[PDB]
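Beneath this line is the structure, given in structure tokens, with notes to follow.
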Amino acid sequence: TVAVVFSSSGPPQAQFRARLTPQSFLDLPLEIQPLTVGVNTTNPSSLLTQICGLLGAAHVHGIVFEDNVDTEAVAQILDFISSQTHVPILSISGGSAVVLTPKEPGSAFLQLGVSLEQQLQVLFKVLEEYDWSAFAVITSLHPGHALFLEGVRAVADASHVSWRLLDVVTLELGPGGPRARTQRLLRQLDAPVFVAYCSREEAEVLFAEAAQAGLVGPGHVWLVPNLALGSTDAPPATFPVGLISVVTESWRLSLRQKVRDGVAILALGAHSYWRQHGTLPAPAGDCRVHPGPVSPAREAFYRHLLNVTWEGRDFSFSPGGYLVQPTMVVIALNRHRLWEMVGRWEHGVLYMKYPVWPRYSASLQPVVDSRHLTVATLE
Amino acid sequence: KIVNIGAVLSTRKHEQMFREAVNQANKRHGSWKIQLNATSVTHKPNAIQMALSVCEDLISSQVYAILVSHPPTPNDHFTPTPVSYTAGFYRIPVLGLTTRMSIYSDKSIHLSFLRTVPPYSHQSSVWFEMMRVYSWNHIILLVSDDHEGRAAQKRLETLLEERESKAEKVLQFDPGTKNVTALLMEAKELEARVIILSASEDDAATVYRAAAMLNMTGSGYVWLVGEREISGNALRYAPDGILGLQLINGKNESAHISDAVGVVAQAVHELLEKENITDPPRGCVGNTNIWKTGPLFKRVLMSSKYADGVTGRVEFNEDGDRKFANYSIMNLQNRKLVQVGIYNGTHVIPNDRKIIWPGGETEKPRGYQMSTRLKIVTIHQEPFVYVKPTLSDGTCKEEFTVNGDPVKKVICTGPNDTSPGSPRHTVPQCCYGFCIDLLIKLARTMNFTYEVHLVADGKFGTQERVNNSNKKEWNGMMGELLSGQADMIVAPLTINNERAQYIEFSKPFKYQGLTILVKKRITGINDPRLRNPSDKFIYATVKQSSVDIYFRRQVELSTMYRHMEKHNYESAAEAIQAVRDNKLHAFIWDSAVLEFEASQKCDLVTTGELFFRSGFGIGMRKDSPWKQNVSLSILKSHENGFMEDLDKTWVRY
Ligand SMILES: *[C@@H]1O[C@H](CO)[C@@H](O[C@@H]2O[C@H](CO)[C@@H](O)[C@H](O)[C@H]2NC(C)=O)[C@H](O)[C@H]1NC(C)=O
Ligand SMILES: *[C@@H]1O[C@H](CO)[C@@H](O[C@@H]2O[C@H](CO)[C@@H](O)[C@H](O)[C@H]2NC(C)=O)[C@H](O)[C@H]1NC(C)=O
Ligand SMILES: *[C@@H]1O[C@H](CO)[C@@H](O[C@@H]2O[C@H](CO)[C@@H](O)[C@H](O)[C@H]2NC(C)=O)[C@H](O)[C@H]1NC(C)=O
């Protein structure tokens, strides 16, 4: 048996209850009966009680999570839960769907996303199709900067092409302070391509400052990873058109589709399992007692869970709590302040919607500009 | 103007200690401006229940900071984690005093956390200092595979590659396992006399006992470890001498609380002066927001100067540790620890004591354990090294050369298996030839006993990109040399850019170029038949060879190599047979081998002049002592003419 939880969307939660009311989807090769839980607000005590009490009340085997307004520092609690009660969980979306690299030793979190190295290789692959090679790296004083800088430095030295790098800059991006030191320094730059890694508020403040000190015209291009851009459904202001980022697949899908996907993953795991051992794995659950050394049966179950298929996709998990061989899409800001697809990535080859990068003037009319001569030939 | 702080402890009297400390803080600092309250709760075993109780207590008060210590229970990791996580969701700072785990040093997972004692990691830095003071250069690294182990090692190679001398082979073994004899058996072959260890307390006795069993604890070899392995050693498995270290006020838990209360009381005034005092209060239902200025509070707290040293001046490092600390060096003789030297901020100061090493020699032992036995690898090669089956007795036929001398022979193990299809079988054979004579000459020149064993897979060696990986991996004889199996290569090796980065080949002893074989209008550099390919005149060569890289460094000859890579042989003999068989049209590598083969096996000729220049030479691992003398001696031998004399015996016949 499995359970599901919904979080932090009132009017949608009515549709969530309506879609929970069906007996089953009647497709999964299992006879597990779901159960639903709904929590008013996301808080530590609330989540702790509503998860372990529910888990110990009705003898469940597995649980799957659902996202929220995407406020940070929420996955750690679920990781602690997994460590304590030794029960596998699964995240599907939202801010909780961000990689948490040094997970607890004995846990099994299985949050789907993209690791920073994989999340970064795509920008270098797309930066070679047009071959700009400027590399003005801007990083804020954020906790995750150390791994990012090390990864980019390591990749730069083992790549295919020369990749001339201009310089690296770090700056304080706090909510309040004297701007002058960063403001004068930022304008002391010259590079056609920028890559920046920071948080949402840091993105707002840096982008406003750059727009103030004339670095947002049609000549430059910005690259940001998935850690930024927040909602993915609400377009904020002050964003210069042309921002490029990379996000995973199924972003435009529905919550019902995502929860069905998670249910299918766990069901296919169980379906592959019962053939090996003959029955469902024993459900270990105890909020209060907290026993358990390393258990070989549940470890074997976790091993058998790591590889699935079907539904026109793939989910192969590494020892780290993240999937490998991923399928994501390049996204960009269209001329009407709206997100749209640009490029796909399937099996280590890259594509693009356009053969050239448009770039935009102040008005809707683009500037063809000089150079980039069109040349024709035939076989 | 009432500021409340909390703390989680276990000693019922320690709450009175905190109360006395805050009373002293009120009596010392402050003047009719702000008063500070205090309260604390005792730890409870059920971790989740402890978290719930702590968050409810925070709900019952307007706390600003949390302070925790080590309870006596052996489940060390259990106590700090829940309060830390439930604090991270609010960014309320927490300071630990007696928890030294390394996972808490990663700012990504624990948002706000400060440790008042240096972690286990900087033992690597003090180890580097101790290596500097005692003039020790080569160190073997024996660390476990746990997260603490990799962090400690990482700091170590950073501070060592600061000198860029690099470390010897680093050995990783799984935690919580026994029968670790294999790792030490592998280490025993290598030459080193200083060994360093860092692991779990229980595993220390396990790894210790095997050392006594394998008598590695004799003289010469020397031990040194951190405090982690100090306690469990004397418990049940007697030591044999170990340099170590400890902290001054370890596990006192009295000075630390005073220091932390002092520093937070110093910080609160500066915070109140910041003109933006947003009160947290205890919203545990609906107050889903962060205390608005936590980042600035943490930033200024990290910058706090030492309030009062008392027991010791305390500051904070950039990562969140305490820089400029001290350690006491101890020794393990007669099962009674004694101080021998005192660590300063950077340097170490001995103090009128006598140091003893496991052997019993009073004088400081000399490291680097210079060796005398050498390993050598070689490959099958037509004109340079003959390999022939041994005779039935165990040696092989002791024939006589025509020119009144016996052809010297040596016993070579070899794999006795060809191609990846055939499984490993092995059989001792005997080897002889030009290079073997060159080697046995060196045996007359200096003192060392060779043990020749042939190559594994029969490939000369190239650099290949690992399939779906980050780093390229070497393959073949060069890879075996770089791994550490042997320390020299005596084979017809070409010198090129790809090899010169790692292994220093010196003083070439025989020059050679490149030619092409045909059976009997081709130009080697560029010919219409070869520059433009067809169904006839197929160009092919042996795979995983230097010529592969050389052709891979071209432009249209790059396309030539691209269509050549579709075909590949695994040995020279196959090509020699095919040239007669006319199935293969062309063949391209080193001039000397092909010239000798054409001289011996008639009806075959080489076409075109040499289009390249190179040299053959021995290769050693970098920074090896033998290189200077072997290069010096080979030139004298060449000047004398013995190399010239051997040629007519083996090249011109
Ligand atoms: C996922 O990988 C695991 C590999 O362990 C597969 O599970 C096993 O596959 C072996 C193959 O011989 C079977 O004999 C075992 O019965 C399976 N269980 C064990 C012990 O792991 C699994 O099949 C793979 N995915 C697929 C496609 O099934
Ligand atoms: C200082 O903190 C103490 C906490 O030990 C406060 O005492 C009360 O203690 C009871 C339990 O013994 C709690 O239920 C109350 O909530 C505490 N009071 C408050 C206001 O939280 C004491 O009142 C505090 N005094 C000041 C001036 O802050
Ligand atoms: C290279 O060979 C020379 C041969 O003379 C070595 O010089 C001798 O070195 C040993 C110890 O290394 C001394 O005991 C001898 O007294 C030296 N001989 C003379 C004439 O001084 C030299 O040490 C060797 N060096 C290396 C790096 O191998």
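Here, A, B, ... name the chains of the structure tokens in the order displayed, residue numbers run from 1 inside each chain, and ligands are numbered from 1 in the same displayed order.
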(request) Can you tell me which residues come within 8 Å of ligand 2 when counting only C-alpha atoms and all ligand atoms, ideally as a list in words? (result) residues 2, 3, 4, 36, 37, 38, 39, 40, 60, 61 and 62 of chain B
(message) Could you pull out the strand (DSSP E) residues of range 75-285 of chain A, going by DSSP on the backbone, and write them as a ChimeraX atom specification?
(response) /A:136-140,167-171,193-197,221-223,244-248
Write the selection just made, keeping N, CA, C and O atoms, as an mmCIF file, in the first residue's frame?
data_model
loop_
_atom_site.group_PDB
_atom_site.id
_atom_site.type_symbol
_atom_site.label_atom_id
_atom_site.label_comp_id
_atom_site.auth_asym_id
_atom_site.auth_seq_id
_atom_site.Cartn_x
_atom_site.Cartn_y
_atom_site.Cartn_z
ATOM 1 N N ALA A 136 32.423 35.412 -18.683
ATOM 2 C CA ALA A 136 32.465 36.317 -17.543
ATOM 3 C C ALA A 136 31.628 35.685 -16.439
ATOM 4 O O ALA A 136 30.399 35.806 -16.438
ATOM 5 N N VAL A 137 32.289 35.013 -15.504
ATOM 6 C CA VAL A 137 31.614 34.234 -14.475
ATOM 7 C C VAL A 137 31.327 35.128 -13.280
ATOM 8 O O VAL A 137 32.244 35.708 -12.685
ATOM 9 N N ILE A 138 30.050 35.234 -12.922
ATOM 10 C CA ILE A 138 29.613 36.044 -11.792
ATOM 11 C C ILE A 138 28.942 35.121 -10.789
ATOM 12 O O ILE A 138 27.979 34.425 -11.130
ATOM 13 N N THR A 139 29.439 35.112 -9.556
ATOM 14 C CA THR A 139 28.879 34.270 -8.507
ATOM 15 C C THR A 139 28.663 35.113 -7.261
ATOM 16 O O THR A 139 29.475 35.988 -6.949
ATOM 17 N N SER A 140 27.549 34.880 -6.577
ATOM 18 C CA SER A 140 27.290 35.558 -5.321
ATOM 19 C C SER A 140 27.892 34.765 -4.163
ATOM 20 O O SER A 140 28.377 33.642 -4.324
ATOM 21 N N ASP A 167 37.523 36.162 -16.833
ATOM 22 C CA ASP A 167 37.780 36.423 -15.421
ATOM 23 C C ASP A 167 36.640 35.860 -14.580
ATOM 24 O O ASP A 167 35.598 35.452 -15.101
ATOM 25 N N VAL A 168 36.857 35.843 -13.266
ATOM 26 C CA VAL A 168 35.878 35.368 -12.292
ATOM 27 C C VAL A 168 35.694 36.452 -11.236
ATOM 28 O O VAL A 168 36.672 37.070 -10.799
ATOM 29 N N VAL A 169 34.445 36.703 -10.847
ATOM 30 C CA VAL A 169 34.113 37.747 -9.887
ATOM 31 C C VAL A 169 33.094 37.217 -8.889
ATOM 32 O O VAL A 169 32.114 36.568 -9.271
ATOM 33 N N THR A 170 33.323 37.502 -7.607
ATOM 34 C CA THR A 170 32.355 37.239 -6.547
ATOM 35 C C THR A 170 32.025 38.556 -5.860
ATOM 36 O O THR A 170 32.900 39.414 -5.705
ATOM 37 N N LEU A 171 30.765 38.722 -5.465
ATOM 38 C CA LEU A 171 30.291 39.962 -4.870
ATOM 39 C C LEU A 171 29.237 39.671 -3.814
ATOM 40 O O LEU A 171 28.528 38.664 -3.892
ATOM 41 N N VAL A 193 29.311 37.413 -23.165
ATOM 42 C CA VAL A 193 28.542 36.312 -22.587
ATOM 43 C C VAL A 193 28.783 36.271 -21.086
ATOM 44 O O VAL A 193 29.930 36.273 -20.630
ATOM 45 N N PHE A 194 27.697 36.227 -20.320
ATOM 46 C CA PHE A 194 27.749 36.155 -18.868
ATOM 47 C C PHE A 194 27.074 34.878 -18.387
ATOM 48 O O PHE A 194 26.060 34.452 -18.947
ATOM 49 N N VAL A 195 27.645 34.273 -17.350
ATOM 50 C CA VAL A 195 27.027 33.160 -16.641
ATOM 51 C C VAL A 195 26.999 33.516 -15.160
ATOM 52 O O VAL A 195 28.016 33.947 -14.601
ATOM 53 N N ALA A 196 25.833 33.375 -14.535
ATOM 54 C CA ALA A 196 25.648 33.779 -13.151
ATOM 55 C C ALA A 196 24.854 32.723 -12.399
ATOM 56 O O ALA A 196 23.942 32.099 -12.946
ATOM 57 N N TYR A 197 25.208 32.542 -11.128
ATOM 58 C CA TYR A 197 24.581 31.553 -10.257
ATOM 59 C C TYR A 197 24.267 32.220 -8.925
ATOM 60 O O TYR A 197 25.179 32.680 -8.231
ATOM 61 N N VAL A 221 24.503 38.512 -23.296
ATOM 62 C CA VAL A 221 23.637 37.355 -23.090
ATOM 63 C C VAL A 221 23.913 36.794 -21.701
ATOM 64 O O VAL A 221 25.066 36.722 -21.267
ATOM 65 N N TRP A 222 22.850 36.396 -21.003
ATOM 66 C CA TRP A 222 22.956 35.880 -19.645
ATOM 67 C C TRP A 222 22.585 34.405 -19.595
ATOM 68 O O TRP A 222 21.637 33.960 -20.247
ATOM 69 N N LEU A 223 23.348 33.653 -18.800
ATOM 70 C CA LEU A 223 23.104 32.239 -18.557
ATOM 71 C C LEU A 223 22.947 32.011 -17.062
ATOM 72 O O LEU A 223 23.797 32.436 -16.274
ATOM 73 N N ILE A 244 18.566 32.598 -20.631
ATOM 74 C CA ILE A 244 18.658 31.194 -21.010
ATOM 75 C C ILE A 244 18.873 30.361 -19.757
ATOM 76 O O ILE A 244 19.726 30.683 -18.923
ATOM 77 N N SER A 245 18.100 29.287 -19.629
ATOM 78 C CA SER A 245 18.276 28.349 -18.534
ATOM 79 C C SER A 245 17.847 26.968 -19.002
ATOM 80 O O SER A 245 17.302 26.801 -20.096
ATOM 81 N N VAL A 246 18.096 25.975 -18.155
ATOM 82 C CA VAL A 246 17.840 24.573 -18.478
ATOM 83 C C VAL A 246 17.011 23.986 -17.337
ATOM 84 O O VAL A 246 17.358 24.117 -16.159
ATOM 85 N N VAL A 247 15.886 23.369 -17.679
ATOM 86 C CA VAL A 247 15.041 22.704 -16.697
ATOM 87 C C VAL A 247 14.684 21.315 -17.206
ATOM 88 O O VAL A 247 14.746 21.028 -18.403
ATOM 89 N N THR A 248 14.282 20.446 -16.282
ATOM 90 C CA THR A 248 13.968 19.069 -16.623
ATOM 91 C C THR A 248 12.658 18.984 -17.399
ATOM 92 O O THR A 248 11.959 19.977 -17.615
#
(request) Using only C-alpha atoms, determine which residues lie at most 6 Å from residue 610 in chain B, disregarding the query and same-chain residues fewer than 6 positions distant; provide the list as a PyMOL selection string. (result) chain B and resi 513-515
(request) Might you pull out every residue within 7 Å of residue 343 in chain B, with only C-alpha atoms counted and same-chain residues fewer than 4 positions away left off, and present them as a ChimeraX atom specification? (result) /B:326-328,347-349
(message) If DSSP is run on the backbone, what residues of range 60-91 of chain A are helix (DSSP H, G or I)? A reply as a count of residues only would be ideal.
(response) 11
(message) Show me, as a PyMOL selection string, the residues of chain A whose atoms get within 10 Å of chain B, using only C-alpha atoms for the distance check.
(response) chain A and resi 40-46+48-49+52+71-77+80-81+84+100-105+142-146+154-155+158+174-176+287-290
Please report as a Markdown table every residue of chain B lying within 9 Å of ligand 3, along with the nearest atom pair and their distance in Å (one decimal), using only C-alpha atoms and all ligand atoms.
| residue | atom | partner | partner_atom_place_in_ligand_line | distance |
| --- | --- | --- | --- | --- |
| B:446 | CA | ligand 3 | 2 (O) | 8.7 |
| B:624 | CA | ligand 3 | 27 (C) | 8.3 |
| B:625 | CA | ligand 3 | 27 (C) | 4.6 |
| B:626 | CA | ligand 3 | 28 (O) | 5.2 |
| B:627 | CA | ligand 3 | 28 (O) | 7.5 |
| B:628 | CA | ligand 3 | 27 (C) | 6.2 |
| B:629 | CA | ligand 3 | 1 (C) | 4.7 |
| B:630 | CA | ligand 3 | 28 (O) | 8.2 |
| B:632 | CA | ligand 3 | 1 (C) | 8.5 |
| B:633 | CA | ligand 3 | 2 (O) | 8.9 |
(message) When you count only C-alpha atoms and all ligand atoms, which of these residues is closest to ligand 1: A:306, A:173, A:116, A:352?
(response)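 Counting only C-alpha atoms and all ligand atoms, the residue closest to ligand 1 is A:306.
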(request) Name each residue within 8 Å of ligand 1, counting only C-alpha atoms and all ligand atoms, as JSON, numbers by chain. (result) {"A": [272, 273, 275, 276, 300, 303, 304, 305, 306, 307, 308, 309]}
(request) Considering only C-alpha atoms, state which residue in the set B:237, B:272, B:155, B:261 is at the smallest distance from residue 19 in chain B. (result)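 The closest residue to residue 19 in chain B is B:261.
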(message) Using only C-alpha atoms, which protein or nucleic acid residues come within 10 Å of residue 370 in chain B? Drop anything in the same chain fewer than 3 positions from it, and give the result as a PyMOL selection string.
(response) chain B and resi 191-193+366-367+373
